[PDB]
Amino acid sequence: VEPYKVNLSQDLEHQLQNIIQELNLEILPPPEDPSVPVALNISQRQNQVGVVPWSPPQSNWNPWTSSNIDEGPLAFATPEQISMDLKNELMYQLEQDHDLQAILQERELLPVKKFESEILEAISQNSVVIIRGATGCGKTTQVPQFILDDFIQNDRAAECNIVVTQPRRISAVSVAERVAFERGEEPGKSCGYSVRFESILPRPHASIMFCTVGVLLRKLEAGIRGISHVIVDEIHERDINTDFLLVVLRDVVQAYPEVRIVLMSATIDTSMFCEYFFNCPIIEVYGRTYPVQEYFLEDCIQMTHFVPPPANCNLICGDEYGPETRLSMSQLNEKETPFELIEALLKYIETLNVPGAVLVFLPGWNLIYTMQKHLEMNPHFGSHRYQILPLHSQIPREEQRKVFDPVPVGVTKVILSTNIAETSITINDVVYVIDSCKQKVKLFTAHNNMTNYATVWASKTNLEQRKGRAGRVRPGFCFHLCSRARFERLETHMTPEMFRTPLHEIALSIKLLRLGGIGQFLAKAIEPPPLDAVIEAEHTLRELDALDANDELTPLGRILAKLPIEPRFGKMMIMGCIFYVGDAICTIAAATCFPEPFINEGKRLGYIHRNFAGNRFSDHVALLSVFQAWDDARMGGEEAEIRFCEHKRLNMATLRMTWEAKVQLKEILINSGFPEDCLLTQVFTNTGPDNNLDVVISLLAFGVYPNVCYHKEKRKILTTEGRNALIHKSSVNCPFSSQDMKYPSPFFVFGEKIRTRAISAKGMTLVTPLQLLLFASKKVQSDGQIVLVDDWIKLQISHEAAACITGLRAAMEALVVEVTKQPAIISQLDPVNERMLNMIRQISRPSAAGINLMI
């Protein structure tokens, strides 16, 4: 499209030239001929292979707080006292609690129970152990208890502190709350969880800490201090952080052979892990399972006499089935889930007349919420006959526990669940399974910066373990919604995350923990990542100045490594602190770790939701506005909060988690030397002119880069690549069917590129051309009249202004490096550097680009 004109005032034009002359930067001269455009865009230490240090549990050391015990009963108490005190407390609890006895009886029926003696024997004599058994035997909930009680009953409760790693956030919290119940406790006594931005630490001795691997790695700066056993759960799922930890722990096992690693896996080939850990023993666990009659899409269409509404493996069909079964299946698009058939399959399950729950496997939040409303709109699937419980990570823990509840007699329990119900948790009374045969994976391509949340085909392993969910109670049934032809064009195993995930967050961990070369360390992985991913990670971190030319951790990189956030968002927060808008930026950063706090239900945003935006045309401004209004409503107590959150249609749980995350991000910046006065909550207006919010949007543009786009007409936008895309339906910038939005700038930075039959941009914020050139661009080529931004945008703007705004970028990044050496210096900055920040504040203003949002 034709270049967008930028109306820079003459006063601003000269101010930019002044500060560049004061900063001792030259204006790169124009090109001799417009044909050749000039580009305006402008330690000696090494590490060796070291091991993470280890030490066993002490009496006076708290492993969770990583501190000494000076005051309290266990201050200077002996290991022998503690051992008896905890034993006597447990032995008294068991005989005085008839409710705990009933629970302790349920435990001793679990298939894993009859292997207890063997597991304890293996772990006691061998460093590393693999506990292999079918999903639902009780590996996760019982093994850590067997190990703890074995030390308690034998008067060694002081010599036991267990770490249990889980792949998912909800697994670590659920299991903590479940094992707590199984000991008649709440989390905080002998059982605790530690996840990103949430923790209930357990007691200092005879304790189990359930956690995500990410948390554990961030706490290993000091080393594995005061831990006897490290249990790595659900290794078969091949979480990238789990794979990485197994590299770290194998080095720990070798240097400190007294430590006790315990790997626990579903029914897969564990030779790869066995060989990796020096041919360690494999304890086989198993209970009674029933043969499950497995059906494919052909069987499902024939048994139900189904007819769909008005390469592809549906066009291929077995010749042993009926003619109409062939013709019906043909009309089903395999890149959809057959919603109407699942509804018809539920009806068939009734006709069989054998009471049991139906576990439906769907990919992601989107298709489960679609399946739910689809059913409930049919009165037949009401409370009278049916109980439809959704099961994904983003549900409240109130509703996640309701899947385990028995239902009233003559009612069917249908679980619309994700891959969480595959191997992580087992549901009881499951006789029926409907497998969509799909997975939702986070595929990232760094060349165009596309976050592809794609629905892809599951493996034979997945189908085999999804089938196994039906055969725990009685002879079950599994309904695969994939052709017999498709089952052949399916892989044996899924691509492990290590092969298809960005490694820059693992690369910082490697350097922070001082484990040597990024490539050197990652070469020791059980299945090393692709070369191009390691090169990309090293390049990305060198660009941010997180690493130097020798690939060693800079003072900036050290901060980014300690922040549990995308390194680029980490740098955005550091810059926020220099501009004294740290709190706002910490809020924005935190918000990216949780779902949108707005309850939309799929439909476009109403008045209430859009009113938070103001005149800024920003989902990010809307989010900050919600937090300013919600934080005020909190002062009226817990009930006033619930009334505000329900009146405005906000997820109160999401706002609380985000705020707690913001406080923890703020905490790490303080500990890094940043002053508190640059992180104080500041009042702002989302309609009136506000210079603090102008800067916040500028630093936002830096953060989400290279997610920039240009608006065409209606919902159509063109991306960084120069390809057409759509404004997401959930955005405040998304118009209604008719009324076209007159945007005062066609430019937008945004959060992520959700791919669904097209390119859609979610979490959109309006930016001015000055912000584009300053923070939201790398390559800028000028021909004297027209500048070319990243070879996809042309601006009819002054050559001197473009070179000067590009000057400020380099000046700003130069200041960040100087600030990260001693963050205290942001309070007392050089007069020239304060004048450079004031000039960034100036071009941040809408007025500086000839725009008035009020009009």
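One-based numbering along the sequence shown.
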Going from residue 310 to residue 311, the deposited residues skipped in the model number 10 or more
Per the record, the count of deposited residues between residue 42 and residue 43 that have no coordinates is 4 to 9
With B-factors read from the PDB entry, the higher C-alpha mean of 283-291 and 743-751 is in 283-291
Per the PDB entry, mean CA B-factor is higher for 422-430 or 375-383, namely for 375-383
One of 737, 212, 140, 270 has the largest Cα B-factor in the entry, namely 737
From the entry's CA B-factor values, the highest among 806, 796, 65, 55 is 796
Here the Cα B-factor of residue 297, set against its chain, lands in the third termed highest
Residue 488: CA temperature factor from the record, placed by chain third, in the highest
Of the three thirds of Cα B-factor ranks in this chain, residue 18 occupies the lowest
Of the three thirds of Cα B-factor ranks in this chain, residue 254 occupies the middle
By the entry's values, the third containing the CA B factor of residue 564 is the lowest
